[PDB]
């Protein structure tokens, strides 16, 4: 059990970071490569334990996989169709294997994900999406088992609710169905756009991505090809917040402002000087007062739930109260009790956190529990007085490529410690 040991400072975090490819685009694209009959190259793939878990599932199902800068997949030989209980419990994104397997091979099993602390996370929309495409699905011994006789069939699918995951499941599966799929009330996240762009690079016909209505005209087989994953907008946001809450200046390279306009506008609302270029974003906080903002999480292009913990920290440190309402995962406030151990002030009322003022943080032992809660704990440790120990940081390594190297380059004192 790795830990982060952090020596806090009042010196601003400043300098440059180079942004990695989006975890949340890399993962679905890797599962979508289960559709592909010829070799695939996915470039700009972050080095994350979820990418490792994905590669290990891909290999288990029969694809030949290897990596470094790119990930290389030869899925021609896929010859197994189960995502085991052990693998799904380590990462629920493995649910994405169900769609391509059933659409390509007419059969697939994926363990049904268990409980998650951040809120109810059912997969009813994924199942119902596949049923509308012609799948027969049953639950048996904790397994979602899907079958179709022959090919899936294009259907008009109106999603009950906006879901990123379920959008990816029906979109990817629709690429191999006979005829046309119209997916209505689709999620508009950039990683949906990136996956659809990847499906097109491999021979699919997906249009409307980035809109509330995606059109997929199915083909018999997908080929292979090349695709460079979009930059991680949430890693981008995270470093920009690091700069803002510490009063520093940072340039995030290999990223793009169009992926996080909501976060950028709020960082300006919070008093930061945000500038952008062709593939960079900079924030300057030097000589500027941090003011609290109100935030309401919602689907893209609104402010992202994946930035909410990071902005709870910002508001906590900023002058003023700041109200954060979570409409996506109504219980994603596990970082708050940990931050309160460091002397942060906030009240939690239902799905609303009201962030107070504090004079400053004070290092303590705190525990990572989910990806973004962790990142906010690491950042707080960098700005607290004294030594913070963040335990169970394997959570962070699921979602960030060597965050401690990138923070070190911005002037942080952070050590990865083993046991």
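Residue numbers count along the first chain shown, from 1.
Looking at 207-215 and 67-75 together, the entry lists the larger mean B-factor for 67-75, computed on C-alpha atoms.
The stretch 217-225 shows the higher mean C-alpha B-factor when 217-225 is compared against 256-264 in the entry. Per the deposited coordinates, the residue with the largest Cα temperature factor out of 336, 314, 285, 342 is 285.
Of the candidates 102, 202, 244, 171, it is 202 whose Cα B-factor is highest according to the PDB record. Residue-level temperature factors show residue 324 in the middle third of its chain, judged at the C-alpha atom. In the deposited entry, the Cα temperature factor of residue 303 places it in the lowest third of its chain's modelled residues. When the CA B factors of the chain's modelled residues are split into thirds, the value for residue 24 lands in the lowest one. Per the PDB record, residue ranking by Cα B-factor puts residue 274 in the middle third of the chain.
In the PDB entry, residue 141 places in the highest third of its chain by CA B-factor.
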